[PDB]
Amino acid sequence: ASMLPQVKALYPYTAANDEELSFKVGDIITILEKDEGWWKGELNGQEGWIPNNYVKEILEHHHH
């Protein structure tokens, strides 16, 4: 398997069209693909574009 990038929403977002993904603050979104300022997210079995400046990538700096 591969570990995909995951991000945590900093602010909520309402999708502007069917191809975007809405989310609330704190949501943990999996990233399937990147296109400059928009990332393709997956959350609760739904997939759509999200603005990357609404979220913060979760990085593991250290072994647990």
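This chain uses plain numbering: 1 for the first residue, then up along the sequence. Computed from heavy atoms alone, side chains included, the values below leave out hydrogens, waters and symmetry copies.
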In Å, rounded to the nearest 0.5 Å, how long is the span from OG of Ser22 to CG of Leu43? 9.5 Å
Minimum heavy-atom separation for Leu32 to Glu47, with atom names? CD1-OE2, 3.5 Å
Under 3.5 Å, side-chain donor or acceptor atoms of residues 2-16 against the rest of the protein: list the pairs with distances, not counting sequence neighbours.
residue	atom	partner	partner atom	Å
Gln6	NE2	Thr30	OG1	3.2
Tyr13	OH	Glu20	OE1	2.7

Taking atom CD of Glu42 and atom CD1 of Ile29, what is their separation to the nearest 0.5 Å? 9.5 Å
Rounded to the nearest 0.5 angstrom, the CH2-CG distance for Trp38 and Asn53 is 8.5 Å
Partners of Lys24 by side chain to side chain donor-acceptor pair (under 3.5 Å), sequence neighbours excluded? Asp27
Surrounding NZ of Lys56 (heavy atoms of other residues, nucleotides or ligands, distance under 6.0 Å), is the total greater than 12? no
Is any side-chain heavy atom of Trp49 closer than 4.5 Å to one of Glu33? yes
Take a 6.0 Å sphere around CD of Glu57 and say whether it holds more than 12 heavy atoms from other residues, nucleotides or ligands. yes
How far does NZ of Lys34 sit from CG of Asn52, to the nearest 0.5 angstrom? 8.5 Å
